[PDB]
Structure formats: structure tokens, C-alpha cells
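Quick notes on the structure that follows.
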Amino acid sequence: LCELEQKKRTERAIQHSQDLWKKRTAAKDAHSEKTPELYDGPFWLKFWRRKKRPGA
RNA sequence: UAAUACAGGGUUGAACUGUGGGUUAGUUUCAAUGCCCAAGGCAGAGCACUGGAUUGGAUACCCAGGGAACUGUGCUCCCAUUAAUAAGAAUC
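In the authors' numbering, the protein residues as written are 7 to 62.
Below is the structure:
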């Protein structure tokens, strides 16, 4: 009984891993083939100064 | 603070790396204005200085002239000392 349970479990993992790797690399390929996005939003002029805990 | 040359910082994409760190002297750069020295000049401005006003008893307020001070690879940090009054980690 244990021989069949272990053998079947191995096949399920092999197929699942193959599909996961295929999609993982597909996304990275697209990112490395497009023009970088240049930021054009509001500047960070108010985030410079902070107000931490007063006193000690 | 349009053009061009040299070299930094910030945002995003891939690869690599696989705990590399926080604070910091017997330490080291930079640092407005003023002053000594030096280089200087032919513009726009003005401290000192007899150059036209004072008073209800005293004056630099209101014009004009006016040879110091205003670009430094230097000596150099006294101040109301340059983007708040904490250099870091955790709770969204």
C-alpha cells in the first residue's frame, strides 16, 4: 500500500513544480524587455522633516 | 537657471551577493558676513568725513559729494550655527 501512495505523490509534485517554474520565468522576461518607467508624480518636499516623540 | 565637457545623487527592470550593520577620538573635509595679507581699477551703491536745516532747546531721521569694505584653490568658524526641537528599531 505504501509503495503506491509514495509513487503517486511523486508524480503530482513533478507536474506542479514544472508549471510553477514556467510561469515564474515568463513574468521576469517581460519586465526585462520594456522601457523603464520614469516617475512623474508629486515631489517629496514635505516628507523631509519629521516630528518624533517630544522630550526624552 | 537654453547649448557642450568631466563626475556624483534619486526612481524603475534583470543579474549577482547570502547578515554586509546602529552610534562614533588621541581623527579628518567643507562651511554666510566681518578683519590681516594679496590680486586689483575706468559700471550700479556707501561707513568715516563741515555740506543746508532744524525743534516745545539741542542733531546722524529727510537730499547730494564721499580714496575702506563687494569675484580669492590662502589664513579661517566668533553668531539668532544653513530644511523644524531625536542619529536608530517596533506598532498603521
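Note that CB positions come from ideal geometry on N, CA and C, so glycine has one too.
- Membership of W27 in the alpha helix (DSSP H) is indicated by the continuous run 8-37.
- Taking the CA atoms as reference points, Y45 sits about 35 Å from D25.
- Within the same chain, no residue comes within 8 Å of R15 by CB-CB distance, once the 5 residues on both sides are set aside.
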